[PDB]
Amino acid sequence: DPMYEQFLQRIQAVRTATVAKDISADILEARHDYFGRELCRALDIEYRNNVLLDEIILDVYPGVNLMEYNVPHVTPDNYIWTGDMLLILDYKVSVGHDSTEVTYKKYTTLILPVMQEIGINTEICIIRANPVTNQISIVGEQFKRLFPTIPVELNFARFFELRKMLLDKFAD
């Protein structure tokens, strides 16, 4: 399980708050990445983790006249092209929904107008794991209809363990 040991080694060696703050942020991103990976594996969809909208548009519509559109500089985690619809996918791992709503608002305003100009039907979908209860919440109707049952086995304990080691080490 090489992801956990790399963090252990980093926590073993860290001696300053500055590097420690960095390790903490990394664990949280890694915890998000693990959810994204596990979720795509269970739902049997291609795993990606940050894709420029430019490359999404160029995948689903290789003949777009790109220079005619002002495409924003955003990287949603992943996407699904259904054949008829594009689902923008962002993963979230939080005990609450404030972070989910912030991304939802952002991608709604910056992504939907350009995709309407090009004529690709698009839905913003945000999938969030509660890392304590492992409950999964979904924002996005077409996603909901494509994946009615969503019981993805998850275990976030190792990430909580790594971070507790850190805050114990720096508890002063």
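So that there is no doubt, residue numbering starts at 1 and follows the sequence shown. We call the rigid core the largest set of C-alpha positions that still match within 1.5 Å between the two forms.
**Student:** Relative to the presented form, and with the rigid core used for superposition, do the C-alpha atoms of 41-49 or of 143-151 deviate more in 4 other deposited structures of this protein?
**Tutor:** Of the two stretches, the larger average C-alpha offset in 4 other deposited structures of this protein falls on 143-151.
**Student:** On a core superposition, give the stretch, 65-73 or 133-141, with the larger average C-alpha separation from this form in 4 other deposited structures of this protein (RMS over structures and residues).
**Tutor:** When 65-73 and 133-141 are compared in 4 other deposited structures of this protein, the bigger C-alpha shift is seen for 65-73.
**Student:** For the higher mean C-alpha B factor in the entry, choose 39-47 or 140-148.
**Tutor:** It is 140-148.
**Student:** Of the three thirds of its chain by CA temperature factor, lowest, middle or highest, which one includes residue 85?
**Tutor:** For residue 85, the deposited C-alpha B-factor lands in the highest third.
**Student:** Please place residue 131 in the lowest, middle or highest third of its chain by C-alpha B factor as given in the entry.
**Tutor:** CA B-factor rank for residue 131: lowest third.
**Student:** When the modelled residues of the chain are sorted by Cα temperature factor, does residue 13 land in the lowest, middle or highest third?
**Tutor:** CA B-factor rank for residue 13: middle third.
**Student:** Among the modelled residues of this chain, does the Cα B factor of residue 93 put it in the lowest, middle or highest third?
**Tutor:** Answer is lowest: the recorded C-alpha B-factor places it there.
**Student:** How does the C-alpha B factor of residue 117 compare with the rest of the chain: lowest, middle or highest third?
**Tutor:** It belongs to the highest third of the chain when residues are ordered by C-alpha B-factor.
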